[PDB]
K.L.:
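One structure coming up, written as structure tokens, with questions to follow.
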Amino acid sequence: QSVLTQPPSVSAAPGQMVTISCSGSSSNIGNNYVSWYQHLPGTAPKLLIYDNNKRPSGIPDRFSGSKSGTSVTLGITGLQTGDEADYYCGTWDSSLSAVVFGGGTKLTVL
Amino acid sequence: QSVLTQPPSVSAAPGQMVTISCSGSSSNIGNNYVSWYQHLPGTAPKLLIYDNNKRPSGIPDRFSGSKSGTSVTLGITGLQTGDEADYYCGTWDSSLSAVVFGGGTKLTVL
Amino acid sequence: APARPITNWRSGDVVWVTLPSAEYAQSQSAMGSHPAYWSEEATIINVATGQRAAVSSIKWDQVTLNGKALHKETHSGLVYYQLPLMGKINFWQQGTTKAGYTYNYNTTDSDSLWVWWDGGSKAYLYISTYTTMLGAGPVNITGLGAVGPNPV
Amino acid sequence: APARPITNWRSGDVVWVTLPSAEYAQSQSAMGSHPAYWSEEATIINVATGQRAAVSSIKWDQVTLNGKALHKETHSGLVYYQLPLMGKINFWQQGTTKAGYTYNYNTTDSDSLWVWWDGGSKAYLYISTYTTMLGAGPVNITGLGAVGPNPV
Amino acid sequence: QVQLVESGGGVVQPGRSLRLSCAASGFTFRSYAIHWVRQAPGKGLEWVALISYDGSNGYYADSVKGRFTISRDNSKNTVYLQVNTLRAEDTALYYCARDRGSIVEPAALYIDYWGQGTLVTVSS
Amino acid sequence: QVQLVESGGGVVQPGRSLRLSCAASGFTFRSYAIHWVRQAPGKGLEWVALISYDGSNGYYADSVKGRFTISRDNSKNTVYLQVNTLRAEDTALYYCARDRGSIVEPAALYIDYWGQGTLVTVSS
């Protein structure tokens, strides 16, 4: 029910490519910047994409993100079993004056 | 009753100096620029001071103006019989969204 | 011995603009009918190489940016020329701490230098401006900018 | 053969800043607790004479403006230095049209360059900003300004 | 000969309307904002109305609001000042003048040239 | 060891209030804006609150407004999250994290490091 909508889940074979969409209005993703968060189970969530196109130090280069209009998309190259977690968007809603996070997408491998 | 207040009249001997005060709030004379006008009887009023410190081409150098805070003052050097007219302030009132002119000061020589 | 002519411009070059007795225009068609400051006897200076010339004394049919002609917006029958800049054009009253802010002060869009040319010896310098914060003119105005990319 | 040292600054000189991996600061006490962009490996360039040096490699106790030391605001025990400018400091994201606007974008007050110095080899370049319109960092940022008068 | 002349004066029955035509010659109409200004007998100046360069925005005064209307016809190079229900206080020499200033918060007015004025003499 | 730890979890009777203390070590407190974030079991992330660097600004979420309160004590380098009248929906692992971003119209968030989280288990 979040402002930023995400697919519930996605899957692919090991070593393959997945992409997670993330939409929103201009007040949050059209005007403000967005970020992505990985939540591996049993540990604290991490920052892998910031500024809609950049990654913090230590995040593997296989992760990427890009914004097209009032929508952003996560990109993961070379799927691995270890990189199976929950991914969320993150941005500020100027109209709502609050931080809105992504609904949630679960990476799986089969 | 104008927002920009002025002395009703002033006088001096020929060749002397006079000054006409002009007050106002920040909304008109503190924020916006003010200007001065000379109305010789029987003719159209003229522009002698603009931008609070400058004169249009053809206006004699004896006229001067300067803004001190939310107030401006006209300065006349070398009073003459010919330079006897009505002098008015002129500025924009941002709060009032209208052009407010000076109340009016009448130069005389005696 | 001669340096690069002011007719040649490259992206990232610093341009230095003086607008003696500059006045205020309610709207400039080159900037999409927006306020601007214009002067008749303006002077343009390139800071990096030091070259300078009066705007009315240079022919805009020959000026080039990165080896390409400037984008010309023939608006209302008047031929203008575009010198793009990376970022906003910074201008201020000459000899004073008083400073001017362009029309797109809140936005991210960069600014540009527009010039009207008659093809003879009359050129008008146009700089982006929001209001009469420096005066309705004639008031001396000095500006500064850095050249941007060619139009796409 | 050597040109004017970058430690010497005169009013009207054009300064050219580069702020590699610049980040965003919520408030800078040198700018009266206002947002600023700061970089660790920043570089300062004087456009007029072409002199340039990394900000962290400048001994700010020696820099002079018009033969006078810079006004130092010792705020919260941290010594800063002031390089004033005529007008607003124009800064933009490096290599792109992404352009930034300072905090005092609505006023006629001019801007300034602030640098924090430890006295060793760590200096931080601070440029006035309003928000994260170029990003929260680390984001490359390029700037430009023209030096102003000595503090009074 | 740069001129900005005003027509449409004369003795007027109270409570009636007039169109104060303002013909412009010697300068480009669309580059200027035309003001309307009156001086009552035995009184000083009073600013009345204002129109933009293209007529997009029309500005009035507090004492003239409702009873006055500004209009622009750039094709004919003439600005129109529609007075309505003239009172006993507006029997004034309506000057008209051109301005190249601004209106935003730091506004600077340059009302350069003022016409000779038209005399509205509303009376019996 | 830069850490931002959270204390004040445990089983809580419904309709009661707790103070989620957040001790910060390894970094300057006054240079960061601390967030509060919870993940309900079998659900995703939800941003809760936000405080400025000097405690001047306190930002809440729509679902937590009225029932939640943010506070800052820069002397102790600890940010305080005062929960009030815990419901059945906030039985979540309250993470806390620091942010060095902005809030104005083009805001960019950098919620760099997230704590391990405190588990509020309001139940009988």
Side-chain angles (χ1 to χ4, degrees), chain A residues 1-9 20 22 24 26-59 67 72 85-106, chain F residues 2-6 22 32-52 57-68 70 81 89 92-119:
Chain A
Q1 76 103 10
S2 66
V3 184
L4 272 57
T5 57
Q6 290 195 248
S9 64
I20 299 153
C22 168
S26 84
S27 299
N28 49 77
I29 199 144
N31 295 340
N32 305 255
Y33 293 62
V34 67
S35 205
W36 286 89
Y37 292 87
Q38 177 188 355
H39 204 154
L40 202 72
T43 196
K46 216 188 305 169
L47 189 72
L48 47 77
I49 294 290
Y50 76 98
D51 271 16
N52 319 349
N53 202 29
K54 316 230 208 293
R55 60 181 89 75
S57 51
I59 304 300
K67 182 172 77 170
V72 82
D86 300 359
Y87 299 81
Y88 306 87
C89 302
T91 189
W92 177 267
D93 191 330
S94 69
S95 61
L96 204 60
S97 289
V99 164
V100 175
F101 274 113
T105 309
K106 336 292 177 309
Chain F
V2 181
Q3 290 181 110
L4 181 133
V5 175
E6 60 286 325
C22 176
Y32 271 111
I34 321 296
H35 282 227
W36 278 99
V37 175
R38 62 195 211 205
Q39 165 171 309
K43 299 296 183 181
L45 264 57
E46 177 172 0
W47 170 91
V48 175
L50 206 168
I51 186 139
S52 168
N57 302 337
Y59 288 92
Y60 303 152
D62 201 0
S63 295
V64 318
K65 83 188 294 296
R67 304 203 319 275
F68 275 63
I70 191 54
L81 176 91
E89 290 180 349
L93 187 65
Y94 281 74
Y95 297 85
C96 52
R98 71 181 198 263
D99 177 24
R100 45 170 204 78
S102 200
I103 283 169
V104 210
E105 297 170 348
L109 308 175
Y110 205 100
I111 308 165
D112 201 358
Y113 164 96
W114 299 43
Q116 199 49 19
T118 189
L119 173 61

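Each chain gets a letter, A, B and so on, in the order its sequence line appears, and its residues count up from 1. Computed over heavy atoms, backbone and side chain alike; hydrogens, waters and symmetry mates excluded.
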K.L.:
Checking heavy atoms, do the side chain of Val104(F), its backbone, both or neither come under 4.5 Å from chain A?
P.N.:
backbone
K.L.:
Under the criterion side chain to side chain contact (heavy atoms under 4.5 Å, CB included), I'd like the reasoning laid out for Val99(A) against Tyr59(F): C-alpha separation, chi angles, the key distance, then a yes or no.
P.N.:
CA-CA 9 Å; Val99(A) 164; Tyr59(F) 288 92; over 6 Å; no
K.L.:
Chain A: which of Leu93(F), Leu45(F), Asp62(F) shares the most heavy-atom pairs with it under 4.5 Å?
P.N.:
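Going by pairs under 4.5 Å, I would pick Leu45(F).
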K.L.:
In terms of heavy-atom pairs under 4.5 Å with chain A, which of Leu50(F), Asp112(F), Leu109(F), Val37(F) leads?
P.N.:
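Heavy-atom pair counts peak at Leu109(F).
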K.L.:
Which pair of non-hydrogen atoms, one from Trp92(A) and one from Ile103(F), has the smallest distance, and what is that distance?
P.N.:
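Of all heavy-atom pairs spanning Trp92(A) and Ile103(F), the closest is NE1-O, 3.2 Å.
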K.L.:
Taking all non-hydrogen atoms of both residues into account, name the closest pair between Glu105(F) and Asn32(A) and its distance.
P.N.:
O-OD1, 2.7 Å
K.L.:
Measure distances from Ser27(A) to the heavy atoms of chain F and classify the residue's part below 4.5 Å as side chain, backbone, both or neither.
P.N.:
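Looking at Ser27(A), nothing touches chain F.
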K.L.:
Closest heavy-atom contact between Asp51(A) and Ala108(F)?
P.N.:
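Nearest heavy atoms, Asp51(A) then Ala108(F): OD1-CB, 4.0 Å.
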K.L.:
Examine whether an atom of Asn31(A) lies under 4.5 Å from a heavy atom of chain F, and if so say whether it belongs to the side chain, the backbone or both; otherwise answer neither.
P.N.:
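Its backbone and side chain both get close to chain F.
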K.L.:
How close do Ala98(A) and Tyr60(F) get, heavy atom to heavy atom, and via which atoms?
P.N.:
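Residues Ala98(A) and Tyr60(F), closest heavy atoms: CB-O, 4.0 Å.
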K.L.:
Could you check whether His35(F) and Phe101(A) have their ring centres less than 6.0 Å apart?
P.N.:
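No, ring centres 6.0 Å or more apart.
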K.L.:
To the closest 0.5 Å, what do you measure between NZ (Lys54(A)) and OH (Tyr110(F))?
P.N.:
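Result: 11.5 Å between the selected atoms.
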K.L.:
When heavy-atom pairs shorter than 4.5 Å are enumerated against chain A, which of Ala49(F), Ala107(F), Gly44(F), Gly101(F) gives the highest number?
P.N.:
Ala107(F)
K.L.:
Give the minimum heavy-atom separation between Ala44(A) and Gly115(F), together with the two atoms involved.
P.N.:
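What the structure gives for the nearest pair is CB-O, 3.5 Å.
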K.L.:
Looking at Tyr88(A) and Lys43(F), what are the two nearest heavy atoms and their distance?
P.N.:
OH-O, 4.1 Å
